[PDB]
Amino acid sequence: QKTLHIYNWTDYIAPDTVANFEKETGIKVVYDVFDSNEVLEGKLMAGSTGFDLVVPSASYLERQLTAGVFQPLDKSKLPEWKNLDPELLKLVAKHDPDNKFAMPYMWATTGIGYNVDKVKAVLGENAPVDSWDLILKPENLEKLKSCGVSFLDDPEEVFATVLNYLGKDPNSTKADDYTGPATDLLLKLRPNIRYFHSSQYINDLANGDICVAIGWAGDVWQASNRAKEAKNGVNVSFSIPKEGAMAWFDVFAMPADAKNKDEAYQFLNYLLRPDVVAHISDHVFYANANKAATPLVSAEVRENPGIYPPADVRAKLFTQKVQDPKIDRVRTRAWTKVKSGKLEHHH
């Protein structure tokens, strides 16, 4: 009797995927969840995670490759590997050369989730919902404060978005960009931000408790769908803003010390079945990386340009770079200062 341990993002599988795999294979699954790349990386670098499969973003897989925390995937144990789109594989390979360590899972963008009606009530019918101005212009956040503003608790995402908005390289390697203009803007915004959190914003958007959030696309579409299902009269939408946004792939990987590799390959091959991953996309409102699955994904998901954006929008997307340790120090210190920003001092 074997037991497979999986560590995935919250809100990132269909409700019946694991039970269906358990029923089919007889394998018992222990499924645990996270909402932060930094939490997962800390576990991978601190000791044994005890997990057989983990799901980093691709730039987090990249940065940990030479640490040897992952073992290469034996493709002979993944006969359904050919269902993955081979062009998407080439893009993922920028982070994982020759696709040796990672199985692409889902792809999306980091944009703005918002309450359509409350934004228009507060900012007017002309509210700049197609722009990062909605959430990064202080004059707008000051007005939105009471209806509730959330930022992701993701320093890399937040600084890269701010840098881009300020007309800098979103992956700037210049320390002064972080300590100066990016920090200046974030401190100006900070009094109007209710919280930094990377998962509470889904239900808060759905229930009308947060009016604007920096959010991951399919999480915001899940909020929208939860409100629709609740018949609660809340209208949530998502914007990939006109100034561009971050795009990313999340990938399954196998820790080098995984106990139950055979069961792990069984689960990956299960996810490679087109019906399995299409059903996941239908529930989580994210694009998968499986070419064979695409015709099976629901029309509502496939036809949503905030899930499958067209070429003119894709042209404005950027990807995360791994920063050197001096930028990492500057950025992380600045993030701690920003998040503590409301506190009173006596110096």
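Heads up: residue numbers just count along the shown sequence, starting at 1.
Of the two stretches examined, 274 to 282 and 51 to 59, the record assigns the greater average C-alpha temperature factor to 274 to 282. The question of which stretch, 333 to 341 or 8 to 16, has the higher mean Cα B factor is settled in favour of 333 to 341. Which of 219, 74, 154, 250 has the largest Cα B-factor in the deposited entry comes down to 74. The entry lists C-alpha B-factors for 246, 121, 213, 264, and the highest of these is at 121. The PDB entry assigns residue 196 a C-alpha temperature factor belonging to the lowest third of its chain's modelled residues. Per the PDB record, residue ranking by Cα B-factor puts residue 179 in the highest third of the chain. The PDB entry assigns residue 297 a C-alpha temperature factor belonging to the middle third of its chain's modelled residues. Sort the chain's modelled residues by C-alpha temperature factor and residue 170 lands in the middle third, per the entry. Placement of the Cα temperature factor of residue 66 within the chain: highest third of the modelled residues, per the deposited record.
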